[PDB]
Every structure is written in C-alpha cells, then in structure tokens.
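Structure 1 and structure 2 below are two forms of the same protein chain, each written out on its own as structure tokens.
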Structure 1
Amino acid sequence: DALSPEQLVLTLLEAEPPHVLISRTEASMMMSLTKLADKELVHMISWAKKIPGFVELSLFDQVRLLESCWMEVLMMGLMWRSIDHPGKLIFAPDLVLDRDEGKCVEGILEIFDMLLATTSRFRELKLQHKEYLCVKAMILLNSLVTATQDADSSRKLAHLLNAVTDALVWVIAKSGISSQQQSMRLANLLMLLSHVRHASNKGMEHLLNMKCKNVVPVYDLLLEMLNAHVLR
C-alpha cells in the first residue's frame, strides 16, 4: 500500500537529489558537461533505487531501465532547472548557457533548440513540481523482447508504472480544476513527454557519431557505474 498516491508523491519528494554544483572552447565545454553528467548519473541511480519496488525488480530490468532512460531523465532535469529562465539552459547554478552559446558543440544546437522550446511549453503549461516528479519516474519506468525468466519482474514493473501513473492523476486532481480540465491536462503532459523522448533520441544517435577525443563517452561512464552500483 506504499505505492499509494500521497505516499509515493512524498517518497519521490524526499528521494529527489540536490542539484549538482560545478564551476564554469569546443572541447572545454564537453568537459564540464561530461563532468556534470557523470555526477548526475550517480544520483540518478540512488534516485531510482529509492523508488518503491525498483530494487525488487530483476537485476536485468534495473539495468535495462536505467540504460534506456538516462538521456531523457537528464534532459527532463535540465529543463526543470531552466524552466523559469527563458532562452537559457541551467545545467548548474554556475554553468548556464545561452541559445547562441549552443553553436559551440557540433550540432548540439538541434538538441538545444528542441529543449529550449519544450521547456517553454512546460512553462506555459505551468508544470507543477509534484507533476514533474511523477512524470520523471514515469520516464524511468516506461522508456520489446521478454524472457520467460523475467516474467515476474515484468509483472511488477507494470504495477509500479500504473501506480506512478495514478499518482500523477491524483496530483492533477488535487489541482482543483474541473474534471475535463484534468483530462486535458494529463493529455498535454503526455504530449510534451513525447517531445522530450524525441529529443533524447536525437541526442543518442548524435552520440552514435561522437567525437570521442578529449572526453570520455558518458556511455562507458554509465556502464561502469552500473557494474559498480547495481550489480556489485
């Protein structure tokens, strides 16, 4: 009964890690970002772990879920920090970027555009903090081929996702607005998610031709952290 709305929303509230800090030239940027990314991915795993039922899922599912959503989760987190600061992407209190500034990294601009844009749409939608938290967990749990041995784990996963989805519904209900407005809102929140998903996809295929030269691929960084903090 811990996967009840009120409980869950509170759990996510407390499970939220504190923003990482980082003092602030093509490569030099990738440096600071990669450095932050690594620092956030660690927190992400703790965050995941603190979600009701996650560590009870099969180890396979844990790795698969985290491997498949880190980009999107990082993106969602970026936008929320930079939701109230138009034209800017607040990677960290110190490190902040301007639209034009994005022209620095090879075509990272498209990602920047898509992001800055969607951030705006969320701002307009006046995204609430609790709405944000539920939506985030959804991404972790939602983002094909199922092995017989994984059957039970799958079954559970379905529940966690349903619960979090219900919690979001609940959070929207307490917003006070009319019933049909709740419907409309939920639909909207999900529409925008599809964008973030599309953006994070671009970002991946982007790294599928990344200048691995003066930086370390975040991939390798994650695969290592997983062996460290999820297997071991």
Structure 2
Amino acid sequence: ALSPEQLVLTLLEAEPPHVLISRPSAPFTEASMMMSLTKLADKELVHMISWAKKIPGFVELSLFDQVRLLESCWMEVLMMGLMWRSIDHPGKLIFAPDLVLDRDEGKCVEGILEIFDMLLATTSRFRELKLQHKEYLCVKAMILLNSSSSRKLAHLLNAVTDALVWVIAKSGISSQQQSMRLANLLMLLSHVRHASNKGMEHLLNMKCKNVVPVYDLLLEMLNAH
C-alpha cells in the first residue's frame, strides 16, 4: 500500500501525453470543426485507457467494472483535461498546442457555443481557486472512480480522497480553510458532470443526423447509448 504522497506521485507518472492536432487549411465549417474535435477525442481515448490502468488498484477490479467506469467517465475526463490545459488562458480552449479556439469560433457549430461557455466558466472557477497541479491529478482520478470488485473500488476512491486531503494540508492553510477548499473543489465535480451530460447529448445528436462520422473507439463508446 502507498502513502498519500506516493499515490500522488503515481498519478503524476501516469499522465497521458498531449495529442497533437492542427487546424485545417480551409476556414472551419460545422462539419470540419466536428471532425477535428472527434478525431482529437478518439486519439485521447486510446491514451486514457492506458492512464486508467496505471491508477493503483484499477486493473485489480473486475473487467466488467473497468469497462463500466471508463464508459461512464470518459467525456468528463476529457473535459477536465481541457479545462486544466486552458486554465491560464481566459476566453480560450486549448484543445491541443496547435488547436486553440477562441470562444466565438464555436458559432460555426450548431449548439456547441452553450457547451464552450460551460467549459469556459468552470475553467474560470478553477482559475479563481488557483487549482494546483497535484489537486488536478487527484480530482481527475476521483472523476474516474466516482463515475458509477466493489470493496476494492470504494477503497480506491477513499485512497485518492486521502491523497487530496494530504495535498491540501501541505498548503499550510488553517483547518477550516482546508475543509472549505475540499468542499469547493468537490462542488465543481457536479459542474464537470453537467458539462459532460450536455456534451454527450450534443455529440449523440450530431452522430445521429450524420453531420460527422465517428470511428473505432469513440464510435463504440457512443453506440453504448
């Protein structure tokens, strides 16, 4: 079993790489913006499965639970990553190093502007709280593990919570400020979940009306709905 500090370091070593994607040469259309964003998502999904497998305890769960967790959390985990990438750039969504979208560029995709505004507002909350790197790592793991072998899972989630509490304690703030910071970080989990629910409705519709074709792993996740 790991100490809180060691668990955090394990999460740090597990971080997935930044997928590279570029703008098309021609101006964005509804179809081409949806193509660039789903292509990004599908590649990230491959690395996400590898990340989850490195979270201590995950591969000891039943293979059924592993499927269920990833199936439930994937959009949330993508959005959390995006928000972290975007945290020091107000008005912008840093999908990848060469795909940095200004808020208004979403005007070309029907319905996406609402979701961009949710992601941007939640990102601003994390900015105002001064979310720290180690806190981000614990929260992202908590998203996976709370998305819902059973004894193992509640234990795993508790270990990650203990790790977050440990990180907050290291900041040196008062006992009541520590409780307050824990509450404020965790209250943002429901905003991430809300944005995921809305993003999933949007993408499912776009797929359904054949605005954008999706393949392989992303296709398989969407067909589950």
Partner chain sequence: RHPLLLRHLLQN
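Each residue is numbered by where it sits in the sequence of structure 1, with counting from 1. Rigid core here is just the name for the largest C-alpha set that superposes within 1.5 Å across the two forms.
Between structures 1 and 2, only structure 1 derives from the form deposited without the partner chain. For the listed set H206, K174, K49, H195, the sole C-alpha moving 2 Å or more between structures 1 and 2 on a rigid core superposition is that of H206. Relative to the superposed core, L13 shifts its CA atom by less than 2 Å between structures 1 and 2. On rigid-core superposition between structures 1 and 2, the C-alpha of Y219 is found to move 8.3 angstrom.
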